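One protein chain, two forms: both are listed below as structure tokens, the first as structure 1 and the second as structure 2.
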Structure 1
């Protein structure tokens, strides 16, 4: 009263695991072979009946494509998102991921060819472009690889200016769109320390501030003689301002 090995079903292999004798009421499920998927709603199993007789079963496996190809730009739409049965002719549709945008000129759909291969995918979903980085007063924005989603940009300040803020920004996905990670930094003028006053001399047209390359010219009072260069200059190595040298001196 024990059934032998289940019948032979084309493109399917019964899950014995790993018996030989199956007691009555024993339900054996068949699994479709590679490149085959069970046709929905069809009998895929048998059962040991009275008389050591297995129930009846017939071909339930049709040729089908592998689960659609995973793409970075687009995700599958329902119900394809949970389907496994893709008989030749099956057409699936994708929906742009975040943050990508649809390309009007192309189909977000794929077709299951006769060779069980999904049709070549195009760029139906492209990277969303980030806002124009803008401009940094007395600074520069380095765009090494565009400004689209995932892009990075670095910042720098021209000579004589110190950078205040982030040195870079990434085009990350922000809510409903792609947004720069960090805001534009600031390039603030580097100022030299107050020029030195000298004994018996003055500074001609003294100023409030002194930035890179600006200068101060001294003048000895009446009766005194200048010893040294008349002027010094604000040098700005290295994000800190410093006078070129020492002020002249006035000998009476």
Structure 2
């Protein structure tokens, strides 16, 4: 009926004594690997106090191991590395691209545990996916300030004389399997000036169905009359309504 003394001394491991120094038979003491040490899977990490005041045998069960690889935005830890914590020197793990990222063939998606207990240099093996080419807007313009990769933003404009109809911008969002543009290409439609005013005792030289930006209309008085204002007027617009340069000339009189 004798108690057990102090547990055996295990290298790189510290036992949880619970402030005790003597333990009754059938006492199980568990060790915890020291800093930079991860318990070797399948190894005895504890001791029991047996008859004759004797502790059960126990061998070193800790190996200097890497910390769980740091999360990456481009890729994730494949299985089963994604659930492991024991990473002794020489341990290599494999990654798999996230969404929306794509594999850079020329580069390896593997990380190694260096002697110094750190993961080998990180390379861009998982490169950002690139949305389809914007295209082109008829009588409009697309602005790609920072490429068209996953996360980029592009804007749309309408050339002078045209009003934009649709989305004014678009984002390279991730959509399921691949990547796509948030909003669709708008349309740059041609602005039209309201029918040119008609004048008393005068007429419009060759009238047209519609008048667009920079388009003019020339007037002509009737035999025996005179103008009062500009002879012609042109279709203004600016941003983004169609407007005539000014009032129409004037004929008089009789």
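The term rigid core refers to the maximal set of C-alpha atoms that superpose within 1.5 Å between the two forms. Numbering follows the first chain given and starts at 1.
Assignment of C-alpha atoms to the better-fitting superposition places residue 134 and residue 79 within a single rigid part for the change between the two structures. Rigid-body analysis of C-alpha superpositions between the two structures gives a rotation of the smaller part of 15 degrees. On core superposition, residue 21 has its C-alpha offset by 8.2 angstrom between the two structures. In the core-aligned comparison between the two structures, the Cα atom of residue 48 sits 6.0 Å away from its counterpart.
After superposition on the rigid core, the Cα atom of residue 33 is displaced by 2.7 Å between the two structures.
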